[PDB]
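There is one chain below, alone, in C-alpha cells, taken in the form deposited in one PDB entry.
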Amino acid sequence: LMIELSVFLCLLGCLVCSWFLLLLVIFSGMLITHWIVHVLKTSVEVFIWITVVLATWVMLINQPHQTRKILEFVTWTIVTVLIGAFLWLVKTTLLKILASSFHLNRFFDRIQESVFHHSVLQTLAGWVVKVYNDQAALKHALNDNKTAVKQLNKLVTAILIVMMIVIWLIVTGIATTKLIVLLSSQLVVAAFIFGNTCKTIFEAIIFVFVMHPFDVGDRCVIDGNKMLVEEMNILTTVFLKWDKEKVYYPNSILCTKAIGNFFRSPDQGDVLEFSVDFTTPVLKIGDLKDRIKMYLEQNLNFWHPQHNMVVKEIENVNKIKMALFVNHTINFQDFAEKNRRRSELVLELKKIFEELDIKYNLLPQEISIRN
C-alpha cells in the first residue's frame, strides 16, 4: 500500500521533527525518493540507494575491544551489500546484451504490422480483438527463442549469491582462517568429483550461445534426420521429427555433430536419377535434354534455368545410367513444398520418355532345350 509507505515516510519525518537516529530512519524506511530521482532501472536505483546509505552511515559514525567492533561489522556488511549490487547490475547488463543476439528478424514484418495496429488503436478506437490476439502470438514467438538466456540467468545468479556470501564472511572478518581453510579444502574435493558434470554444463553453454548452429523453428538435419527445432535449453534441445515425434537430445551429444540448417541455407538443389537402354540413339538423348530445358524455362517460379544432365556409366551393354541436376528457387525449410515441386518434375520426365519413345529392355536369354 502506497499509503503505508507514505505513513512510514511520515513516521521518519516525525522522528526528525521530535539527528543520526532520524538519518538512520530515512534509510531504514527504504524511501521511494530514489525512485522519484529516477522518475536496468531498478538495479540502478538499488545501487544508488545503497551507495547513499553507506556514505551517510560512514559520515554519521572509545570501546575498541567491545563495541567498536560492531561498527566494523556494520561498515563491512554495508560494503558487501554494495559490492553485491554492483555485480548484480553488471550481470544484468551483460545478459541483456546476450539476449539481443537471439532476436530474430524473421518476425520483422509481423512486428511492423503490430506497431501500426497498436498505434491506430490509441486514437481511432471507440478487428480489435485480432490485433490483440496477434500481439500475444508475436510476444510468445519472440520469447520462445530466449528461454536459454533465462536459464543461464538463474544459474549465474545462484553462483553470484554464493560468491557474495563468501565475500561477506571474509570482508567483515567474521570468518576465521581455520574454517576458511577447511572450506576451501572441501571445495577442491567436490570439484575433483563433480567437475566433469560442470564441464558438460559449460560446454553446452558454449554450444548454445557461441557456436549457435540453429534457432527455434529452424529445420535442421542431424545424422540424416530432418527435424524442426521446437525449443532450446541449456542442457537439451527438443526437436520434432517429420512425423512430429518429440525428441530430446542432450546438448552434450549435439556438440559433437555436424548439423545441417535449411533455414539458413541458400536456394537448394536436387537430383533425379534414371536409366535408359544402351541402344537409345544419341539423338534421343539430345532430345531429352532439350525437352527438359524447355520445361524448366516454362516454370521459373520453381526452377532456376541452370541444370545439368550427366551420363555416368555403361553397364554391360544394356544400361546407361544418367542423372539430372536441378536448382530450386527455395531452400528446404518448407519441405512439403519442395516435394510437390520435385514430384511435378518427375512426372514431366515420365511424359518426355513416353513422347520420345525412350525405353529400357532386359538382356535377352538364350535357351537350349534338352527335351
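We call the rigid core the largest set of C-alpha positions that still match within 1.5 Å between the two forms. Note that residue numbering follows the sequence shown and begins at 1.
We do not show the form deposited in another entry, though everything after this point is about it.
**Q** To test your reading of the superposition: with the rigid core aligned, which of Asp243, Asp109, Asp290, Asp223 moves its Cα by 2 angstroms or more between this form and the one not shown?
**A** The only residue crossing the 2 Å threshold is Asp109.
**Q** Under a superposition restricted to the rigid core, does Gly269 display a Cα displacement of 2 angstroms or more between this form and the one not shown?
**A** No, shifts by less than 2 Å.
**Q** Given a core-based superposition, decide whether the C-alpha of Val46 shifts by 2 Å or more between this form and the one not shown.
**A** Comparing the forms between this form and the one not shown, which are aligned on their rigid core, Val46 does shift its C-alpha by 2 Å or more.
**Q** Taking the rigid core as reference, does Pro213 move its C-alpha 2 Å or further between this form and the one not shown?
**A** Shift at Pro213: below 2 Å after core fit.
**Q** Would you mind telling me if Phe332 and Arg106 are closer or farther apart in that other deposited form than in the shown form, C-alpha to C-alpha, with a 3 Å or larger change?
**A** Relative to this form, farther apart in that other deposited form.
**Q** Using the form shown as baseline, tell whether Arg106 and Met211 are closer or farther in Cα-Cα distance in that other deposited form, where the change reaches 3 Å or more.
**A** Closer, not farther.
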